[PDB]
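Here the structure comes first, spelled out in structure tokens, and everything after it is commentary.
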Amino acid sequence: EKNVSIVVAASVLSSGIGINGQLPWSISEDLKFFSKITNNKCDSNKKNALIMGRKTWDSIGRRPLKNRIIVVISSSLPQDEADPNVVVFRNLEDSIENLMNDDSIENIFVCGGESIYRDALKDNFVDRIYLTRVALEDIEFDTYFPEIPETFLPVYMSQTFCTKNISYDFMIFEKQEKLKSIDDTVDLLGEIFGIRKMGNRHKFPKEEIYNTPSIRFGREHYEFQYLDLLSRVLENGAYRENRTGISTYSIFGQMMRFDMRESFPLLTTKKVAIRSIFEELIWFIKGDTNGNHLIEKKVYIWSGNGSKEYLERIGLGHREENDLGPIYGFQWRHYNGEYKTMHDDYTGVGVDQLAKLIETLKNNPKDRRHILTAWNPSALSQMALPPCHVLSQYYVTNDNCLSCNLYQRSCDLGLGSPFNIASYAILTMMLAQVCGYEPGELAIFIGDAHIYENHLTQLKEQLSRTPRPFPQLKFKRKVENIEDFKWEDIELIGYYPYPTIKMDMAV
Amino acid sequence: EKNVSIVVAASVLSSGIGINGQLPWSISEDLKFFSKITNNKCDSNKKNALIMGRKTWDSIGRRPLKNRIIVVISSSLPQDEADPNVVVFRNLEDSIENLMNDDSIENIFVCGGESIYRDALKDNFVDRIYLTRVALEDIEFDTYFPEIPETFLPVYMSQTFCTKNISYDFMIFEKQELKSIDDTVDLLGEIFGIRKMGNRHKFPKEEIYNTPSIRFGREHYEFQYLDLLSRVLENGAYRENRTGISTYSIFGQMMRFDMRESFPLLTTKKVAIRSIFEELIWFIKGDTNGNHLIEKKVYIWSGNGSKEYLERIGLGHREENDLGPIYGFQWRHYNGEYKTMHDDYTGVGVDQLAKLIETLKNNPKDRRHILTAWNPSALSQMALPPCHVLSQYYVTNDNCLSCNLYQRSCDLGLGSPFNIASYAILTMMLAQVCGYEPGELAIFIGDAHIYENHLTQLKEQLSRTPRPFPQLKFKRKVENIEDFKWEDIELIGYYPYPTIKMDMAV
Ligand SMILES: NC(=O)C1=CN([C@@H]2O[C@H](COP(=O)(O)OP(=O)(O)OC[C@H]3O[C@@H](n4cnc5c(N)ncnc54)[C@H](OP(=O)(O)O)[C@@H]3O)[C@@H](O)[C@H]2O)C=CC1
Ligand SMILES: NC(=O)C1=CN([C@@H]2O[C@H](COP(=O)(O)OP(=O)(O)OC[C@H]3O[C@@H](n4cnc5c(N)ncnc54)[C@H](OP(=O)(O)O)[C@@H]3O)[C@@H](O)[C@H]2O)C=CC1
Ligand SMILES: Nc1nc2[nH]cc(Cc3ccc(C(=O)Nc4cc(C(=O)O)ccc4CC(=O)O)cc3)c2c(=O)[nH]1
Ligand SMILES: Nc1nc2[nH]cc(Cc3ccc(C(=O)Nc4cc(C(=O)O)ccc4CC(=O)O)cc3)c2c(=O)[nH]1
Ligand SMILES: CN(Cc1cnc2nc(N)nc(N)c2n1)c1ccc(C(=O)N[C@@H](CCC(=O)O)C(=O)O)cc1
Ligand SMILES: CN(Cc1cnc2nc(N)nc(N)c2n1)c1ccc(C(=O)N[C@@H](CCC(=O)O)C(=O)O)cc1
Ligand SMILES: O=c1[nH]c(=O)n([C@H]2C[C@H](O)[C@@H](COP(=O)(O)O)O2)cc1F
Ligand SMILES: O=c1[nH]c(=O)n([C@H]2C[C@H](O)[C@@H](COP(=O)(O)O)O2)cc1F
């Protein structure tokens, strides 16, 4: 008995693997993965066997692979014994003569197109699947990878990588069949001390609220940094009241990291309105607090906090309909500026923090003070809503990459959080291009991480969806000033999300 | 064959376990731990055997323990067969008749004082040690727990618990004698070099990992700081800064601390707790006069407040130690027109700390309890921009006050141990004035760095296995938060390692 694994690279939705006798793409890093995963062995005096079909054998030029024995399944190829690195069998069952015989073969790999993939799964020969999901779906396929049967469970999902603006990840599927004393001692201490033991205040989420719970040790995909935060809130969130009529389940002190070098952290478990995120971000940068400029561009996310009824409730009945007051983008461009109304001209007033940030980022990159704040206690009472994303710090690595850290005092995990993840990712990328750097990492530190109680059935639905590789975000042109970005200048490549989920905002 | 474990509660330094035929302390949670750890079994038709010496058998009243069979080692006690829950053997060697025979016993526990402990380790009978370190050392002991032999390695260290202002933790010692996922991740790390984010956050090597045998049981929250040191030494990029001393820096790190059952004061190094407090009360009082700290023998702000340093950053018009509007001037007089350190600022600016205290008790579930120090209109007037920039506070449902701090730049050698204790005390002060209890402390860090002249020092600190945190209690209740004094603070059970000298980069 030995191991039999499948190596395959299929598209993310339709699981396409080929077209016209060749691959639908050209990803060199994926081929290197095929090389290292099929050459990985222990016994130096043994080799691995790679089973493939005839049409696949033709697609690789009918030439052997170094240090590996290729097994071709064909009904016509002559069983020539001249080449010891290439052997031909008449059927897939007989080809698996390496389990009970031929001790020179250590591991077995299946990689031979739809015919061999489907027959290897139907006849129950495969123990493990190495899947490379490619984010390409509006192209033509003629051979597909069969749907993974229910007997397999995912145990690993890598981060999203990029090659020629093509997103792809790497997954491992295992076939289900059926320290030791440290966990017991911790459980006993949790019975003695109830809430006195901090571990009992941060309980690990139950399987029923854990997204794809079979992936236990391989939660590398950074969308899990958000999905696992939802699970931790559903498990430990305290039922609390707030200024709105809608209570939340809240915990305090959480973080989540995202990579921006090889992907863009736009959630795939739900179709996120990327256009509204951008139009809000450019709305901040331009220094604008007029809420009508977003409604004029069909962006209604700031309508609730800018109605005549809401403004009179918080004591701002003297303002216009959508006069949100000095908020994000007024502390960015005119910090400590005497705010009047949304119609006045504030050019030159206040401290232009964003400009000083951009100028400092290229003139002194290793400076430890690249900070953009929005918490002005002298102007909180004039704001329609105090800042949620309060403070952000920026950092230039040695390889000329721009990372970003954000502190968020209050995080609506249902609506605001997916917006804040993408918004500050775009902002860092904008700052990276204007300063001549590359995107780095994104860390978001959260204070009051909460779920509104009317989002429970929606967020539980979102947790039932296994994530997909992140898309790519590229800029079409180089701008001279950061205020010059437009929505047409943004290209979103390879975004194949799950259907959108409607959730109401608590005003 | 079955398992043989030792259960013991010894003091933190001298490993004392008894005095005059009784325990040196009275910790009820420790007895429950002994109860649950000796009753833990699988087979319902089997019992666990507790081996003890005669003097220990007398100390527990010579009465049996429920659901367990007690084995007494004595040379005089009669081998009475009347009680089946109490059996007597003449020596510890003969007593181990439960391993290869007598299948009714599942697990074996040794817990019988110094005489049995020392012979159980000398004759090499013990597979595991359950140690309860108690932070009591200036009392009298007469029986000690023998030094743990080198064949045992720690595999678990719990958080610090508190009982009657007594700190104690729980450790597990073991005697040294997925599958395909780790390989696939390594291969991806060879294909993509620094393109894979995992390679930018490499796990620290064993040579720089504090107590590396504790792999799955790093519960003690001092590891939240020691492991941050390890991550910097592994991935820190050599970078220059405004000082002449370069650092190894990483970006985006955090560490949590408990304040309910302990106080996060580092034990791997004797931290100057008095200087931390006098600086914190100096902030609360709204003071920027750097002489008031030197008058109280606190020299931490001397480097950033000298005539030479102030002229260099363009503040030569200030007095010697006039640090300018810094911490405690943005707390009490935010956006206030700063003049000098001698002027009267009563009533000017926005008093954030006062508004914070009033909001914490009048509206605890409010999500806006924020105390900021980053004022871009006054950065040029400051002798040093704020490192601990923003802090947020949170009132739990059980009336506990937690704290979140964002720190833009963190000197892990000097500033970090100060910032951990400083914001812990501040949260406790806010908790008493508002009528709550201390909760949790989370510190989010931007530029977490180590100065290159701290390398041999911090590597020395990583060689020390941590000890349970001390306790911090206030002797009296104050009416206003500014009224705290150093005499009002009682530090209980602080037994740290010797201090480590490190120079500050000006
Ligand atoms: N993305 C990826 O990971 C991979 C993609 N591909 C792509 O898939 C395409 C090729 O795959 P595909 O079209 O399905 O053809 P196959 O690679 O599956 O090969 C099929 C051939 O194998 C022989 N064969 C298959 N089944 C049997 C059987 N039950 N008994 C005897 N002989 C059998 C036959 O050869 P004969 O004519 O001699 O009878 C048959 O024509 C290409 O585009 C290729 O690039 C291929 C491998 C991997
Ligand atoms: N903190 C903790 O976890 C614990 C603390 N303790 C404390 O320790 C103290 C008691 O320990 P200690 O003073 O060392 O006494 P012991 O509990 O170790 O008991 C010793 C007695 O056991 C018998 N005995 C010991 N060794 C042998 C041997 N090799 N052969 C035959 N008989 C033997 C002898 O009794 P005999 O005279 O009959 O021959 C001896 O006097 C108490 O204060 C107790 O409270 C005890 C247990 C746990
Ligand atoms: N309580 C509270 N008050 C707040 N005031 C201001 C904000 C910011 C904000 C306000 C509204 C939204 C919003 O509707 N988003 C949205 C989310 C999803 C989804 O992600 O499922 C899908 C579609 C949309 C709308 C669209 O279609 O564009 C997002 C962000 C805010 C908040 O989030 N919560
Ligand atoms: N670069 C830089 N600039 C900064 N400006 C202001 C600070 C705050 C600060 C300034 C100085 C210290 C300091 O000397 N601490 C200290 C540490 C140990 C030890 O823990 O081994 C032992 C003794 C002491 C002194 C004592 O004896 O009290 C601590 C904190 C700061 C900084 O830390 N770094
Ligand atoms: C059967 N086949 C089609 C093909 C293409 N991409 C895939 N990608 C994946 N993830 N899995 C597969 N089974 C797979 N198969 C192959 C097999 C080997 C090579 C190949 O050229 N292998 C060289 C790769 C050289 C390299 O660039 O380092 C090797 O050393 O094995 C190409 C296509
Ligand atoms: C031998 N001995 C001394 C003693 C005291 N503290 C210790 N503490 C530790 N960590 N380990 C020991 N071996 C230990 N031994 C004992 C043993 C049992 C009880 C005892 O009363 N046990 C009850 C405890 C009841 C409880 O409070 O729940 C039980 O159910 O086991 C007291 C002292
Ligand atoms: O960017 C935002 N992110 C966010 O999470 N919220 C949510 C958090 C919370 O539900 C509400 C803020 O109300 P409060 O100040 O009371 O926490 O808005 C709002 C934003 F504008
Ligand atoms: O409370 C403090 N914590 C801290 O870590 N520093 C260190 C961080 C850094 O080593 C230096 C500030 O230099 P910079 O302004 O370049 O960050 O002070 C200073 C404090 F006052």
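Within each chain, counting starts at residue 1; across the structure tokens, chains are named A, B, ... in the order shown, with ligands numbered 1 upward in that order.
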
What residues in chain A have any atom no more than 7 Å from chain B when counting only C-alpha atoms, and can you write them as a list in words? residues 29, 32, 36, 156, 179, 182, 188, 192, 196, 198, 217, 241, 242, 253, 259, 262, 351, 366, 367, 368, 378, 405, 410, 443, 445, 447 and 448 of chain A

Would you list, as a ChimeraX atom specification, the residues of stretch 104-327 of chain A that end up in alpha helix (DSSP H) under DSSP run on this structure's backbone? /A:113-122,180-192,198-201,224-236,274-285,292-295,308-313

Would you tabulate, counting only C-alpha atoms and all ligand atoms, all residues of chain B that have an atom at most 9 Å from an atom of ligand 2, showing the closest pair of atoms and their distance in Å to one decimal, sorted by chain then ascending number, as a Markdown table?
```
| residue | atom | partner | partner_atom_place_in_ligand_line | distance |
| --- | --- | --- | --- | --- |
| B:7 | CA | ligand 2 | 3 (O) | 6.6 |
| B:8 | CA | ligand 2 | 3 (O) | 3.6 |
| B:9 | CA | ligand 2 | 3 (O) | 3.9 |
| B:10 | CA | ligand 2 | 1 (N) | 5.4 |
| B:11 | CA | ligand 2 | 1 (N) | 8.3 |
| B:16 | CA | ligand 2 | 1 (N) | 7.2 |
| B:17 | CA | ligand 2 | 1 (N) | 3.7 |
| B:18 | CA | ligand 2 | 43 (O) | 3.8 |
| B:19 | CA | ligand 2 | 43 (O) | 4.9 |
| B:20 | CA | ligand 2 | 43 (O) | 5.6 |
| B:21 | CA | ligand 2 | 43 (O) | 3.4 |
| B:22 | CA | ligand 2 | 45 (O) | 3.6 |
| B:23 | CA | ligand 2 | 45 (O) | 4.4 |
| B:24 | CA | ligand 2 | 1 (N) | 7.7 |
| B:25 | CA | ligand 2 | 1 (N) | 8.7 |
| B:34 | CA | ligand 2 | 3 (O) | 8.9 |
| B:52 | CA | ligand 2 | 17 (O) | 6.2 |
| B:53 | CA | ligand 2 | 19 (O) | 3.5 |
| B:54 | CA | ligand 2 | 22 (O) | 4.1 |
| B:55 | CA | ligand 2 | 19 (O) | 4.1 |
| B:56 | CA | ligand 2 | 17 (O) | 3.7 |
| B:57 | CA | ligand 2 | 17 (O) | 6.8 |
| B:58 | CA | ligand 2 | 17 (O) | 8.3 |
| B:59 | CA | ligand 2 | 45 (O) | 6.0 |
| B:60 | CA | ligand 2 | 45 (O) | 8.2 |
| B:72 | CA | ligand 2 | 22 (O) | 7.6 |
| B:73 | CA | ligand 2 | 23 (C) | 5.1 |
| B:74 | CA | ligand 2 | 38 (O) | 3.7 |
| B:75 | CA | ligand 2 | 39 (O) | 4.0 |
| B:76 | CA | ligand 2 | 38 (O) | 4.5 |
| B:77 | CA | ligand 2 | 38 (O) | 6.0 |
| B:89 | CA | ligand 2 | 31 (C) | 7.9 |
| B:90 | CA | ligand 2 | 31 (C) | 5.1 |
| B:91 | CA | ligand 2 | 30 (N) | 4.2 |
| B:92 | CA | ligand 2 | 29 (N) | 6.1 |
| B:93 | CA | ligand 2 | 29 (N) | 8.4 |
| B:111 | CA | ligand 2 | 48 (C) | 5.3 |
| B:112 | CA | ligand 2 | 47 (C) | 4.6 |
| B:113 | CA | ligand 2 | 11 (O) | 3.5 |
| B:114 | CA | ligand 2 | 14 (O) | 3.9 |
| B:115 | CA | ligand 2 | 18 (O) | 3.7 |
| B:116 | CA | ligand 2 | 18 (O) | 5.0 |
| B:117 | CA | ligand 2 | 18 (O) | 7.3 |
| B:118 | CA | ligand 2 | 18 (O) | 8.8 |
| B:119 | CA | ligand 2 | 29 (N) | 7.0 |
| B:131 | CA | ligand 2 | 3 (O) | 8.3 |
| B:132 | CA | ligand 2 | 3 (O) | 8.0 |
| B:141 | CA | ligand 2 | 43 (O) | 8.7 |
| B:142 | CA | ligand 2 | 43 (O) | 7.5 |
| B:143 | CA | ligand 2 | 8 (O) | 5.5 |
| B:144 | CA | ligand 2 | 8 (O) | 7.5 |
| B:145 | CA | ligand 2 | 1 (N) | 8.1 |
```

Any chance you could export the current selection's N, CA and C atoms as a compact mmCIF listing (two decimals), in the first residue's frame?
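The result, written out as again_4.txt:
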```txt
# COMPACT_ATOMS: atom_id res chain seq x y z
N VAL B 7 2.17 15.30 41.06
CA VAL B 7 1.40 16.51 41.32
C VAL B 7 2.00 17.18 42.55
N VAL B 8 2.33 18.47 42.42
CA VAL B 8 2.99 19.20 43.50
C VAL B 8 2.70 20.68 43.34
N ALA B 9 2.68 21.39 44.46
CA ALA B 9 2.59 22.85 44.49
C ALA B 9 3.78 23.37 45.28
N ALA B 10 4.74 23.98 44.59
CA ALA B 10 5.95 24.49 45.21
C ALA B 10 6.09 25.99 44.95
N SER B 11 6.85 26.65 45.82
CA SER B 11 7.07 28.08 45.67
C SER B 11 7.94 28.36 44.44
N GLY B 16 9.45 25.47 47.82
CA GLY B 16 8.98 25.00 49.11
C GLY B 16 7.55 24.49 49.02
N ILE B 17 7.28 23.40 49.73
CA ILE B 17 5.98 22.74 49.61
C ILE B 17 5.31 22.57 50.97
N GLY B 18 6.04 22.81 52.05
CA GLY B 18 5.44 22.56 53.35
C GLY B 18 6.18 23.23 54.49
N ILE B 19 5.50 23.26 55.64
CA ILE B 19 6.05 23.81 56.87
C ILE B 19 5.26 23.24 58.04
N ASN B 20 5.97 22.62 58.99
CA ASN B 20 5.36 22.10 60.22
C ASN B 20 4.19 21.16 59.92
N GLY B 21 4.39 20.26 58.96
CA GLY B 21 3.38 19.27 58.66
C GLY B 21 2.13 19.79 57.98
N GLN B 22 2.19 20.97 57.38
CA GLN B 22 1.06 21.52 56.65
C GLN B 22 1.58 22.40 55.53
N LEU B 23 0.65 22.87 54.69
CA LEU B 23 1.02 23.70 53.56
C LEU B 23 1.40 25.11 54.03
N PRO B 24 2.28 25.79 53.29
CA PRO B 24 2.60 27.18 53.62
C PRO B 24 1.54 28.18 53.17
N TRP B 25 0.44 27.71 52.59
CA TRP B 25 -0.59 28.58 52.04
C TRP B 25 -1.93 27.85 52.07
N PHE B 34 -5.84 19.64 42.12
CA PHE B 34 -5.41 18.31 42.54
C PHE B 34 -6.56 17.31 42.44
N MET B 52 1.49 8.47 48.44
CA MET B 52 1.94 9.52 49.33
C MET B 52 2.70 8.91 50.50
N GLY B 53 3.50 9.76 51.16
CA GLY B 53 4.21 9.34 52.36
C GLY B 53 3.34 9.40 53.60
N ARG B 54 3.87 8.84 54.69
CA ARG B 54 3.08 8.75 55.92
C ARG B 54 2.80 10.13 56.51
N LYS B 55 3.83 10.97 56.62
CA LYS B 55 3.63 12.31 57.17
C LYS B 55 2.64 13.11 56.34
N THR B 56 2.59 12.87 55.02
CA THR B 56 1.57 13.50 54.19
C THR B 56 0.21 12.85 54.43
N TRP B 57 0.18 11.53 54.61
CA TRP B 57 -1.06 10.84 54.94
C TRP B 57 -1.65 11.34 56.26
N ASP B 58 -0.79 11.72 57.22
CA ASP B 58 -1.29 12.29 58.46
C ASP B 58 -1.81 13.71 58.26
N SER B 59 -1.19 14.47 57.36
CA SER B 59 -1.56 15.87 57.17
C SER B 59 -2.94 16.03 56.56
N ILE B 60 -3.45 15.00 55.88
CA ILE B 60 -4.79 15.05 55.30
C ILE B 60 -5.81 14.34 56.19
N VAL B 72 -0.13 4.47 50.69
CA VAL B 72 0.70 5.10 51.70
C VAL B 72 2.02 4.34 51.79
N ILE B 73 3.12 5.08 51.74
CA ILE B 73 4.46 4.51 51.89
C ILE B 73 4.86 4.71 53.35
N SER B 74 5.01 3.61 54.08
CA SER B 74 5.36 3.68 55.49
C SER B 74 6.05 2.39 55.88
N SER B 75 6.94 2.50 56.86
CA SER B 75 7.63 1.35 57.42
C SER B 75 7.01 0.86 58.71
N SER B 76 6.02 1.57 59.25
CA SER B 76 5.41 1.23 60.52
C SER B 76 3.92 0.95 60.45
N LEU B 77 3.20 1.57 59.52
CA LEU B 77 1.75 1.42 59.47
C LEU B 77 1.37 -0.04 59.24
N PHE B 89 2.26 0.16 51.68
CA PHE B 89 3.44 -0.55 51.21
C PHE B 89 4.66 -0.10 52.01
N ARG B 90 5.68 -0.95 52.03
CA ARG B 90 6.86 -0.69 52.84
C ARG B 90 7.92 0.14 52.14
N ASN B 91 7.87 0.24 50.81
CA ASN B 91 8.84 1.04 50.07
C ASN B 91 8.21 1.46 48.75
N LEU B 92 8.78 2.52 48.16
CA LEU B 92 8.22 3.06 46.93
C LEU B 92 8.39 2.10 45.75
N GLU B 93 9.49 1.34 45.73
CA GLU B 93 9.72 0.41 44.63
C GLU B 93 8.64 -0.67 44.59
N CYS B 111 2.48 12.24 45.03
CA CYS B 111 2.17 13.52 45.64
C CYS B 111 2.52 13.55 47.12
N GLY B 112 3.50 12.75 47.53
CA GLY B 112 3.71 12.48 48.94
C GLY B 112 4.90 13.14 49.60
N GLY B 113 5.06 14.44 49.41
CA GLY B 113 6.08 15.18 50.12
C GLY B 113 7.47 14.92 49.59
N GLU B 114 8.43 15.62 50.20
CA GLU B 114 9.80 15.62 49.69
C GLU B 114 10.40 14.22 49.67
N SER B 115 10.11 13.41 50.70
CA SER B 115 10.70 12.08 50.78
C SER B 115 10.29 11.22 49.59
N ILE B 116 9.02 11.26 49.21
CA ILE B 116 8.56 10.45 48.09
C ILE B 116 8.90 11.11 46.76
N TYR B 117 8.84 12.44 46.70
CA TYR B 117 9.18 13.15 45.46
C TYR B 117 10.62 12.87 45.05
N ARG B 118 11.55 12.96 46.00
CA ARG B 118 12.96 12.81 45.66
C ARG B 118 13.28 11.38 45.23
N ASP B 119 12.68 10.39 45.90
CA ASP B 119 12.94 9.00 45.53
C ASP B 119 12.24 8.62 44.23
N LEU B 131 3.14 20.88 38.06
CA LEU B 131 3.70 21.82 39.03
C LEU B 131 2.81 23.05 39.13
N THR B 132 2.52 23.45 40.37
CA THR B 132 1.76 24.67 40.66
C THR B 132 2.71 25.63 41.37
N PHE B 141 9.96 27.56 55.17
CA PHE B 141 9.67 26.23 54.68
C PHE B 141 10.55 25.22 55.41
N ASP B 142 10.07 23.98 55.49
CA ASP B 142 10.87 22.88 56.04
C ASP B 142 10.94 21.66 55.15
N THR B 143 10.07 21.54 54.15
CA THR B 143 10.15 20.49 53.15
C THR B 143 10.08 21.14 51.78
N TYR B 144 10.97 20.74 50.89
CA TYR B 144 11.10 21.38 49.59
C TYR B 144 10.83 20.37 48.49
N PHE B 145 10.50 20.88 47.31
CA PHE B 145 10.38 20.00 46.15
C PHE B 145 11.74 19.90 45.46
```

At a cut-off of 9 Å and counting only C-alpha atoms and all ligand atoms, what residues surround ligand 4? Please answer as an NGL selection string. :B and (243 or 269-276 or 297-304 or 384 or 387 or 410-419 or 451 or 457 or 499-506)

Saved selection, atoms kept: C-alpha atoms, as an mmCIF file, in the first residue's frame:
```cif
data_model
loop_
_atom_site.group_PDB
_atom_site.id
_atom_site.type_symbol
_atom_site.label_atom_id
_atom_site.label_comp_id
_atom_site.auth_asym_id
_atom_site.auth_seq_id
_atom_site.Cartn_x
_atom_site.Cartn_y
_atom_site.Cartn_z
ATOM 1 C CA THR B 243 19.079 58.368 16.021
ATOM 2 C CA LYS B 269 13.663 41.338 33.905
ATOM 3 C CA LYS B 270 13.288 43.542 36.981
ATOM 4 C CA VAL B 271 11.194 46.444 35.668
ATOM 5 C CA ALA B 272 11.413 49.824 37.428
ATOM 6 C CA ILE B 273 7.746 49.938 38.400
ATOM 7 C CA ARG B 274 8.171 53.129 40.447
ATOM 8 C CA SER B 275 9.435 55.164 37.482
ATOM 9 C CA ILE B 276 6.544 53.864 35.358
ATOM 10 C CA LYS B 297 14.535 60.760 40.689
ATOM 11 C CA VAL B 298 13.033 59.710 37.334
ATOM 12 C CA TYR B 299 15.506 60.262 34.486
ATOM 13 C CA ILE B 300 13.685 58.661 31.543
ATOM 14 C CA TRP B 301 12.943 62.035 29.891
ATOM 15 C CA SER B 302 16.424 63.503 30.388
ATOM 16 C CA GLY B 303 17.747 62.415 26.993
ATOM 17 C CA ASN B 304 14.874 63.950 25.025
ATOM 18 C CA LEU B 384 9.043 63.941 20.693
ATOM 19 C CA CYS B 387 4.535 56.811 20.577
ATOM 20 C CA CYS B 410 7.782 50.524 20.038
ATOM 21 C CA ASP B 411 11.293 50.238 21.477
ATOM 22 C CA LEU B 412 11.003 46.617 22.612
ATOM 23 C CA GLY B 413 14.060 46.964 24.850
ATOM 24 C CA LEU B 414 12.956 49.910 26.995
ATOM 25 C CA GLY B 415 9.658 51.513 25.980
ATOM 26 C CA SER B 416 7.657 48.317 25.520
ATOM 27 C CA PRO B 417 7.935 46.966 29.110
ATOM 28 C CA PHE B 418 7.075 50.481 30.301
ATOM 29 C CA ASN B 419 4.063 50.798 27.986
ATOM 30 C CA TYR B 451 17.931 48.749 18.734
ATOM 31 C CA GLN B 457 20.768 42.054 26.304
ATOM 32 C CA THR B 499 17.738 43.747 35.930
ATOM 33 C CA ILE B 500 19.252 44.149 32.459
ATOM 34 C CA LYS B 501 21.005 47.422 31.635
ATOM 35 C CA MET B 502 20.150 48.920 28.237
ATOM 36 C CA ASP B 503 21.028 52.365 26.884
ATOM 37 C CA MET B 504 18.399 54.633 25.339
ATOM 38 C CA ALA B 505 18.879 55.949 21.807
ATOM 39 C CA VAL B 506 18.431 59.726 21.963
#
```

Compile a residue-level contact table for chain A against ligand 8 at a cut-off of 12 Å, reporting for every qualifying residue the shortest atom pair and its distance in Å to one decimal, with only C-alpha atoms and all ligand atoms counted, rows ordered by chain and ascending number, as a Markdown table.
```
| residue | atom | partner | partner_atom_place_in_ligand_line | distance |
| --- | --- | --- | --- | --- |
| A:364 | CA | ligand 8 | 16 (O) | 11.3 |
| A:365 | CA | ligand 8 | 16 (O) | 11.5 |
| A:366 | CA | ligand 8 | 16 (O) | 8.8 |
| A:367 | CA | ligand 8 | 16 (O) | 6.2 |
| A:368 | CA | ligand 8 | 17 (O) | 4.9 |
| A:369 | CA | ligand 8 | 15 (O) | 6.6 |
| A:370 | CA | ligand 8 | 17 (O) | 10.1 |
| A:371 | CA | ligand 8 | 17 (O) | 11.3 |
| A:393 | CA | ligand 8 | 17 (O) | 11.8 |
| A:395 | CA | ligand 8 | 17 (O) | 11.8 |
```

Would you mind exporting N, CA and C atoms of the selected residues as an mmCIF file, in the first residue's frame?
```
data_model
loop_
_atom_site.group_PDB
_atom_site.id
_atom_site.type_symbol
_atom_site.label_atom_id
_atom_site.label_comp_id
_atom_site.auth_asym_id
_atom_site.auth_seq_id
_atom_site.Cartn_x
_atom_site.Cartn_y
_atom_site.Cartn_z
ATOM 1 N N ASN A 364 11.313 60.776 3.169
ATOM 2 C CA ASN A 364 11.856 60.100 4.350
ATOM 3 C C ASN A 364 11.068 58.821 4.581
ATOM 4 N N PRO A 365 11.392 57.755 3.841
ATOM 5 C CA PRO A 365 10.559 56.542 3.923
ATOM 6 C C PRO A 365 10.702 55.784 5.230
ATOM 7 N N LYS A 366 11.902 55.721 5.803
ATOM 8 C CA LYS A 366 12.109 54.969 7.035
ATOM 9 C C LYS A 366 11.664 55.732 8.278
ATOM 10 N N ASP A 367 11.016 56.879 8.098
ATOM 11 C CA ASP A 367 10.450 57.615 9.217
ATOM 12 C C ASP A 367 9.333 56.808 9.866
ATOM 13 N N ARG A 368 9.263 56.872 11.195
ATOM 14 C CA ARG A 368 8.273 56.136 11.969
ATOM 15 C C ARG A 368 7.093 57.013 12.372
ATOM 16 N N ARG A 369 6.716 57.976 11.523
ATOM 17 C CA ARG A 369 5.656 58.914 11.874
ATOM 18 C C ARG A 369 4.661 59.139 10.739
ATOM 19 N N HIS A 370 4.570 58.219 9.776
ATOM 20 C CA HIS A 370 3.644 58.350 8.648
ATOM 21 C C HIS A 370 2.237 58.021 9.134
ATOM 22 N N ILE A 371 1.622 58.991 9.806
ATOM 23 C CA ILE A 371 0.357 58.782 10.500
ATOM 24 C C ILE A 371 -0.686 59.747 9.959
ATOM 25 N N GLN A 393 -1.371 54.195 10.064
ATOM 26 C CA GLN A 393 0.068 54.406 9.996
ATOM 27 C C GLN A 393 0.629 53.666 8.789
ATOM 28 N N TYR A 395 4.202 52.479 6.359
ATOM 29 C CA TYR A 395 5.529 51.925 6.592
ATOM 30 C C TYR A 395 6.106 51.464 5.262
#
```

Hey, what's within 10 Å of residue A:47 if we count only C-alpha atoms and toss same-chain stuff fewer than 6 positions away? As a short mmCIF file (atom, residue, chain, number, x, y, z; two decimals) with C-alpha atoms, in the first residue's frame, please?
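Saved file out-v4.cif follows:
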```cif
data_model
loop_
_atom_site.label_atom_id
_atom_site.label_comp_id
_atom_site.auth_asym_id
_atom_site.auth_seq_id
_atom_site.Cartn_x
_atom_site.Cartn_y
_atom_site.Cartn_z
CA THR A 38 5.81 14.99 -7.91
CA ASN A 39 9.55 14.86 -7.12
CA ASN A 40 8.98 15.04 -3.35
CA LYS A 41 10.08 11.71 -1.87
CA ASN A 67 13.76 11.63 -12.09
CA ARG A 68 10.17 10.40 -12.58
CA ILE A 69 8.57 7.43 -14.33
CA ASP A 103 8.76 -1.63 -4.58
CA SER A 104 10.91 0.83 -6.56
CA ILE A 105 7.96 3.26 -6.75
CA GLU A 106 7.32 5.33 -3.62
CA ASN A 107 4.36 7.59 -4.46
CA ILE A 108 1.79 7.63 -7.26
#
```
